[PDB]
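# Tertiary structure, described
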Amino acid sequence: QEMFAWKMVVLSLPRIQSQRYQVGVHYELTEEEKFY
Amino acid sequence: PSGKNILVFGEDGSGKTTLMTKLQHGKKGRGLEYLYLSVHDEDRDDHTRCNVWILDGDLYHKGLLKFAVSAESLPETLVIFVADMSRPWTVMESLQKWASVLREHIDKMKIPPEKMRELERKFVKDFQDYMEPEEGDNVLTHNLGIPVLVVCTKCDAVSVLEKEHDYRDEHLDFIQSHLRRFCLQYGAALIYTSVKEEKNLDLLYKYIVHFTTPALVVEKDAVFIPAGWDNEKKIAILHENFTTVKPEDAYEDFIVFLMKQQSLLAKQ
């Protein structure tokens, strides 16, 4: 009865590339930090 | 059976992809990585579609929680609070952080159904009544309640942790007793996991989502807190021997203008 993927398909790929909204500047656009 | 669900909460990796690989993979650095399970149902493979959602990060994950939690899916939701033992401050802060995220999810997505509130609260009050027997008084339980179970990663690194900055049973005993306190206050249990070791998660996650398991504290390195092995006395006995009884300060312990004016002044 594996046929209930509509719940995930309702909003599956609405944000496939939403990792670049850094307040338009931020001066450190990266979703992590480097070493020391 | 109906559809089962599991929400694993990774804290910046912490071996979440490796742990999900050990049970049955690209990476885990974006968020909402759906995973399917196939657990034995004591006789055959009855297609126990226990959905697993890998949530990592903090950049607007409420939408991912909305796409990962349905309305009538709420009872069979076994979230897995994952925190790696290599960074104890990350465990102490991330456990309360994921608990706060779960509280916000209940305060923003569980509130529209009215009958589910009065049914779920009594279901939790009756579920905690059966959580303590068949294991082998009253604790400061919080407001959150649903079948939960916390799983800690990097537990097979006792020598590494004592070689870096612990070098005493105070740190390991502090983490053990305090995570035990956090699990009893959150209405959960604690099952440690490791690299190709400590295979005890499937037993309790199968035992609660309706095949039993006992407690292990003798080894002190592979500690398993089952459902119903908590009180307010053994936790005090744990952090008493050489460890400060409930310290509130040990958390930070284990965690042409100038030149022109000058020329003009010289000219006068």
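Residues numbered from 1 in each chain as written, not as in the entry; some residues may be left out. Chains lettered and ligands numbered in written order. Part of a larger assembly, values for the part shown. Heavy atoms only, no water. Residues with missing side-chain atoms left out of burial classes, pairs and counts.

Deposited coordinates in this entry are attributed by the record to cryo-EM, at a stated resolution of 6.7 Å.

Per the PDB entry, chain B goes by the name Cytoplasmic dynein 1 light intermediate chain 2 and belongs to Homo sapiens. As recorded in the PDB, this entry has the title "Cryo-EM structure of two dynein tail domains bound to dynactin and HOOK3". In its Subcellular location section, UniProt records this for chain B: "Cytoplasm, Cytoskeleton". (UniProt positions renumbered as here; feature names shortened; annotations may be inferred.)

Residues and elements named next belong to chain B. Here five bridges tie strand β1 (residues 5–9) to strand β3 (residues 51–55), and the two strands are oriented parallel to one another. Pairing of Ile 6 across the sheet is with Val 52, part of β3. Where β1 lies against strand β4 (residues 80–84), two bridges are found, and the strand directions are parallel. Paired with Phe 9 across the bridge in β4 is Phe 81. (Pairing = 2+ DSSP bridges. Helix = DSSP H or I, 4+ residues; strand = E, 2+ residues; numbered from the N terminus.)

Residues and elements named next belong to chain B. Residues other than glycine seldom take positive phi values, yet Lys 220 does so here, at roughly 70°. Among the secondary structure elements, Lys 220 is positioned in the loop between α7 (201–208) and β7 (224–225). Positive phi is not limited to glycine here, since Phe 242 has a value of about 70°. Among the structural elements, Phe 242 can be located in the loop between α8 (234–238) and α9 (250–254).

Another point: the environment of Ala189(B). Relative to the helices and strands, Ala189(B) resides in the loop between α6 (169–185) and β6 (190–191). Taking the C-alpha atoms as reference, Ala189(B) lies 9.6 Å from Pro147(B); in sequence the two are 42 residues apart.

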